[PDB]
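Encoded as structure tokens, the following chain is the form deposited in one PDB entry, with no partner shown.
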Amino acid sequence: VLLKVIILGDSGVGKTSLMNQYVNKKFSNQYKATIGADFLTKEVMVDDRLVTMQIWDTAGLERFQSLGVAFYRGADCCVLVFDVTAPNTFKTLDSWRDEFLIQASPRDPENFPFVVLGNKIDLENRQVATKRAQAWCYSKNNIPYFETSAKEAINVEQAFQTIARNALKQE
């Protein structure tokens, strides 16, 4: 029983930092752009059983994307990340979610498992408010919403525990 989770969202929002904080318990300040994709593996406990979670990090920058359509068809759960200090990254969430649904073409697209992370809450002068993001998540079939900091490991463990539960729904 293997769970395939993919992380999507604009470049710079913290997709790689969130994956590395959850699996490796480490965080780095310096930016290394993700080219193409990579995955890490983690055993996670759901209910009292170990399932293997395969967490796919992907390129936010369009010119560095290389994954084919067949790849997205096997995703069990899709994580949407934005930056609470960068409202354009919240604005584009619709196009990430919709384009993924077109390529994944799940059998019941409107109940596909998404989880949304609002990252970098450790920064001052956040420009997207919690209720505003919550309103959006509610409107999209009430998908779970976590506010996270990869830099300070706020809600990282809690978010991925929900991601794993949602991925099992599909599987």
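The term rigid core refers to the maximal set of C-alpha atoms that superpose within 1.5 Å between the two forms. Throughout, we count residues from 1 along the sequence that is shown.
There is another form of this protein, the form deposited in another entry, and it is not shown here; the text below is about that form.
S.K.: So which residue among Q65, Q134, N141, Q127 shifts its CA at least 2 Å between the shown form and the other one once the core is superposed?
M.R.: With the rigid core superposed, the residue that stands out is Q65.
S.K.: In the other form, do the Cα atoms of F64 and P106 sit closer or farther apart than here, given a shift of 3 Å or more?
M.R.: Closer together, which means the C-alphas of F64 and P106 are at least 3 Å nearer in the other form.
S.K.: How does the CA gap of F64 and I102 change in the other form versus this form, closer or farther, if it moves 3 angstroms or more?
M.R.: Relative to the shown form, the pair is closer.
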